[PDB]
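Trainee: Please read through the structure below; I'll follow up with questions.
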Number of protein chains: 2
Amino acid sequence: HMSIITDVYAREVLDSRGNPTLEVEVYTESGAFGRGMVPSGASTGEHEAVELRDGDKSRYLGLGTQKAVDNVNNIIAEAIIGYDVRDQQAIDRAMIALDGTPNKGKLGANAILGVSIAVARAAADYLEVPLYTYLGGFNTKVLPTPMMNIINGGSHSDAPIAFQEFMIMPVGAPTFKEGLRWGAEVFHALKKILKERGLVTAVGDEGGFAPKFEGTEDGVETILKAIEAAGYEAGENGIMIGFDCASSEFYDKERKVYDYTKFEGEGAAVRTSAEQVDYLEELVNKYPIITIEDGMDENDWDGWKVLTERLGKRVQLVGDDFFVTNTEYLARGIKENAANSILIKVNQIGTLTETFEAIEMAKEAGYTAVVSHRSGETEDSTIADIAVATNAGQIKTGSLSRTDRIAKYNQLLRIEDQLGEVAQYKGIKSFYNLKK
Amino acid sequence: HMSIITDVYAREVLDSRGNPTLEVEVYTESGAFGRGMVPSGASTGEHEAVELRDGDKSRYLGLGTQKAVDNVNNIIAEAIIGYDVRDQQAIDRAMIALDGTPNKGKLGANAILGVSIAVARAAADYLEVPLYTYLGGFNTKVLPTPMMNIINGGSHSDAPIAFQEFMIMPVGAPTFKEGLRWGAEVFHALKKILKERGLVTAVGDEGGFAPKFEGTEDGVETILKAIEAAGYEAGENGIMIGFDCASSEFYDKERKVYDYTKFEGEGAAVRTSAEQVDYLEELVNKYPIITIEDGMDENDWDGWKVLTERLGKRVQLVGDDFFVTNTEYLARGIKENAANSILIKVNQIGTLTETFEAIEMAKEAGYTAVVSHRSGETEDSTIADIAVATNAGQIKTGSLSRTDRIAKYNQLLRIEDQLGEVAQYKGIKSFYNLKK
C-alpha cells in the first residue's frame, strides 16, 4: 500500500541572517513531499530545548550543526519505518522518544520538530486537506487575532527602550484583512517622522525599528497620536496597544528588585515587586492599553502572587519567557494562578503534537495561549499556521516588513484566497481571559 | 539478532481492597519474559501524576479500570518497535515522551510505570545477570536498615493519633540477618501485650494493627520498655525513636493553624509556623527522636526553616508528602534546604527510570533517599529489586504483618542466599545528615 513514509534524512546549510542549521525532509511511497524546520535560538538553566554544535573552529566561528546532523541522520530513520504519512502523532512522539534524553539533547528538539512539520505537509497531495485542517479536521476556518512588536527594546537593542518591546494588537477589526491594514503601513508615517527628526531608519531583526528617541516615553505619545491623525479613535475603533514592561529583563536577582539602570541612565528607578505594582496598575486609566507581556519575572513568582487582586481583571498579562512556552511552567502556573495569558514558541516545546497539546490544555482552562515567534524565523510558514489548528484565540508572528515574516502573513490571507466568504474570527471579544 | 521487543501487551486486572488497576506483559522473538504490575494509591492538592477511572458498572463500581485497557492497548508498543529490549533510558523516556502530557494523563502513570517494570525485567531477560545488579551495577552491596509503621495514626483508626505513624530503627544488631528480626521480635512482644490488655490484633491496609493509644505514651512506650526486658540496651545498643506527622492535613488553611482535631479528639491544640516547634523543641531531649517525618506543611515554608534549624542537627527530617517525590518540589526543597531525607514513593514519580533518576539526584544533594509504600500492592517483585539496587542505608519497608510487606523478603533473602559474603553494613550510622 502506497501510504508509507519509506526514507528520512536532513542537510547542512545556514538560517536567515546566515548562521548554521539542521534541516529536515519527508517523502512517501505515493511520491508526495514536505520539508520541515524550526526557529533558531534558546537560553540555558531554564526548561526549553538544547542547542547542540560540534565546536570545530574551521567554519562560521565553530557554530556548525554537524554534531546533531551526523548523530540525528540514520538515527531518526531506524525508528521511523512501518508507518503512514497520517501517522503524524506516533511519528512526532517516536523521535522525542528515540532521543530519549529528558532535555532533548541527542537529536535536538529542533531535528525532531523538523520531521514533525515535514509530515504535517506530506498527506496534502493525497487527502487534499492542508496543514492545520489535516491536524484538526474541518473546524479550522479561523485566521487568528494578531499582534506585533514594530518598536523593539531590551536584550537585542541599542535603544533606551527598557521595555523589551512596545507592541500593538490590531484586534478591533472584524476581518483579518482589517487588522492587517489600519496601522502597519503607519510604520512608514513613523519613517517620515524619523527622517524629519534626523534619526536612523535601519530595521530591527523582527522587521521593526529600535528608534533612538531622547527617552522611551515619546513612543507612548507616538502611536495614539498617529491613530488620532489616521482619523480613528484609541478604543475598539481599530486597534489596542500591548507592552512588554520586561520584568525578567529589568529584574536584578541578587537585590530582588526591578531596577531600570539595566537599560537607562544615572537617575533610573529602583522598584521591588511592590513599588513595581504600586506603579503598574494605572495603565487602564492613563492612556488605555489592553496587554502587557512578561508582566512579572521568571524567578519573581511572588510578583505573580501580587498581580491578580491588583491588575488581574484590567490587563492581559502574557507570560512569555515567564513560561518559556512550557507545559510544566504553565501547569504550575494555572494551579498557582500566576498570569492570565501565555506566549507559545515552537522550539520551546519541540513537536507539532506538543504545540497543539499546550494550546488545547490552555483553551479548556481559559489561559490565552498566543502562538508565536522567536527573533530567529526560517523559510517556513508553520509557526503561524498552528494558530488555525483549533480556532483558539491569538498569534504573534513578527513585524510587517521581513521576507521570513511575509512567508506567514501571505499565508494568513492566501488561505482566504481559497476560503473567501467561509473565513470568520472573534474581534476584540477574542481575549477569553478578559471581560467576564 | 534475536534481540527485539516484537510485541508488548497491557492486561486488565483487579487489586487489593477489591477494585481494579493496570498490568503489562512483554513478549519476544526468544520466548523471553517481562511482566509488570504496580503499587496502588495516590494523593491530591500537591501534584501526583494520573491514575485513570471510569463511568463503567460492568468491571467494578466506577472506581473500575477495565477502562485503561479497554483502549490503551495499541498505543505504547509501537514507540519501542525494532528497539533492543535493554535501553531503559531511551525506552522509558520513549514511553514518557509517548504520553508527553505534563500530568501523564494519556497513558496514565500506572501505564508508564507498568511498561517500565515490564521492560526492566525484560532487560535482564537479555543481560542474563541478576537485574538489581543491572539497576545499581554489580556492586549491589551497601546494605540498608528498616524504619516502619510501628504505631498507627492518620486515616486508619478511631485512635487519637495525629502523627501519621510513630517510627524507630533497630540499631544494635551487627548484621541485617539479625537486624530485620531485631526490629520485628519487638512486634510479637507488643502483640502478646495487646492480647493481654484486650486491644485488637486485626490489621489495617497499612499492615499494622488498629490500636487505641492516646498521643505519644504507652503505644510507643511498650516499644521503649521492651528494649530493656528483651536484654537489648537503652538506645543505639538497641532501638532508637521517631515521629511522622499528618501536618498538611491538620494545617487549617483559613486560621494558618495546625489543629489536631481532624485526627485527635477534644484534647487537641492550636499552633502556627512558630509554636509547632515551640512544642517539638522540648520533646527530642525527652524521647530519643532520631527521626521526624513530614513534620510541617507543604506551604508552611518557615515550618521547614524552623524544624530544619530549631532542631534538625539532632534529628533526621524525612520530608514525605511535603515533597510528594516530584523532582520540581524536591529541587525547591534542595535549594531552600527544607528537609534532610526524602521519602520516595514509586508511583509519585511515574516510571522506574524516573524513580532511579530521583533516587540518584537525591543522594547527589546529600539526602538519605528512602523508598516506601502506598496503600495496596501487587505481587511483582520489581519494587523490592529497588532495595538491593540502591546501596544507601535506609528503607521505609513496612510492618512485618501483611502479605504486601512479607512478599519483599521472598526476593531479598533468596538474593542473599545466592551470595552470602558480599555485604557492607550500617544499622545506626545510616544517615548523611549527621556526624558532620
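Labels for the C-alpha cells follow display order: chains A, B, ..., residues from 1 in each chain, ligands from 1.
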What residues in chain A have any atom no more than 7 Å from chain B when counting only C-alpha atoms, and can you write them as a list in words?

Mentor: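 The complete set of qualifying residues is residues 93, 94, 96, 97, 98, 99, 100, 101, 102, 327 and 328 of chain A.
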
Trainee: Determine which residues of stretch 160-196 of chain B DSSP labels as strand (DSSP E) from the backbone of this structure, then write them out as a list in words.

Mentor: residues 163, 164, 165, 166, 167, 168, 169 and 170 of chain B

Trainee: As an exercise, work out the distance from atom CA of residue B:276 to atom CA of residue A:336 in Å and give it to one decimal place.

Mentor: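 Those two atoms sit 26.1 Å apart.
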
Trainee: Using only C-alpha atoms, which of A:361, A:63, A:234, A:37 sits nearest residue A:377?

Mentor: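 Counting only C-alpha atoms, the residue closest to residue A:377 is A:37.
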
Trainee: Which is closest to residue B:58 among B:20, B:154, B:427, B:208, if we use only C-alpha atoms?

Mentor: B:20

Trainee: For stretch 106-111 of chain A, please output as a VMD selection string all residues within 7 Å (counting only C-alpha atoms; exclusion window: fewer than 5 positions along the same chain).

Mentor: chain A and resid 22 24 38 49 to 52 68 71 to 72 99 101 347 350

Trainee: Could you write those residues out with N, CA and C atoms, as an mmCIF file, in the first residue's frame?

Mentor:
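Written out: part-v3.cif:
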data_model
loop_
_atom_site.group_PDB
_atom_site.id
_atom_site.type_symbol
_atom_site.label_atom_id
_atom_site.label_comp_id
_atom_site.auth_asym_id
_atom_site.auth_seq_id
_atom_site.Cartn_x
_atom_site.Cartn_y
_atom_site.Cartn_z
ATOM 1 N N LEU A 22 20.025 22.738 10.535
ATOM 2 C CA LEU A 22 19.850 21.303 10.787
ATOM 3 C C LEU A 22 18.547 20.814 10.087
ATOM 4 N N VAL A 24 15.336 19.422 7.568
ATOM 5 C CA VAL A 24 14.747 18.071 7.560
ATOM 6 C C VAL A 24 13.656 17.864 6.503
ATOM 7 N N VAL A 38 12.399 24.962 11.665
ATOM 8 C CA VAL A 38 12.355 25.457 13.054
ATOM 9 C C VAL A 38 12.740 26.937 13.194
ATOM 10 N N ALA A 49 14.326 23.681 24.846
ATOM 11 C CA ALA A 49 15.188 22.707 24.175
ATOM 12 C C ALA A 49 16.695 22.989 24.389
ATOM 13 N N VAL A 50 17.537 22.038 23.971
ATOM 14 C CA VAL A 50 19.014 22.117 23.982
ATOM 15 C C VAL A 50 19.562 22.383 22.567
ATOM 16 N N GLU A 51 20.478 23.347 22.447
ATOM 17 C CA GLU A 51 21.127 23.742 21.187
ATOM 18 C C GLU A 51 22.529 23.125 21.113
ATOM 19 N N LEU A 52 22.786 22.323 20.072
ATOM 20 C CA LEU A 52 23.922 21.395 20.012
ATOM 21 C C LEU A 52 24.800 21.614 18.760
ATOM 22 N N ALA A 68 24.836 17.251 15.725
ATOM 23 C CA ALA A 68 23.457 16.864 15.644
ATOM 24 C C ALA A 68 23.225 16.100 14.344
ATOM 25 N N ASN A 71 24.851 12.663 14.212
ATOM 26 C CA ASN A 71 24.103 11.856 15.174
ATOM 27 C C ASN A 71 22.708 11.565 14.543
ATOM 28 N N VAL A 72 21.792 12.535 14.566
ATOM 29 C CA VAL A 72 20.410 12.545 14.033
ATOM 30 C C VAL A 72 20.146 11.633 12.839
ATOM 31 N N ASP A 99 15.261 10.134 20.864
ATOM 32 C CA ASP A 99 16.269 10.977 21.512
ATOM 33 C C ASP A 99 16.509 10.466 22.935
ATOM 34 N N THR A 101 16.788 11.462 25.824
ATOM 35 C CA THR A 101 17.349 12.322 26.865
ATOM 36 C C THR A 101 16.228 13.260 27.347
ATOM 37 N N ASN A 347 10.004 25.822 19.213
ATOM 38 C CA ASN A 347 11.216 25.131 19.725
ATOM 39 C C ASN A 347 11.388 25.200 21.260
ATOM 40 N N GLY A 350 8.739 21.532 21.093
ATOM 41 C CA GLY A 350 9.560 20.528 20.372
ATOM 42 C C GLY A 350 8.879 19.589 19.363
#

Trainee: For stretch 171-186 of chain A, please output as a list in words all residues within 8 Å (counting only C-alpha atoms; exclusion window: fewer than 4 positions along the same chain).

Mentor: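 In the requested form, the answer reads residues 143, 144, 145, 146, 190, 226, 227, 235, 236, 237, 238, 239, 240, 400, 413, 424, 425, 426, 427 and 428 of chain A.
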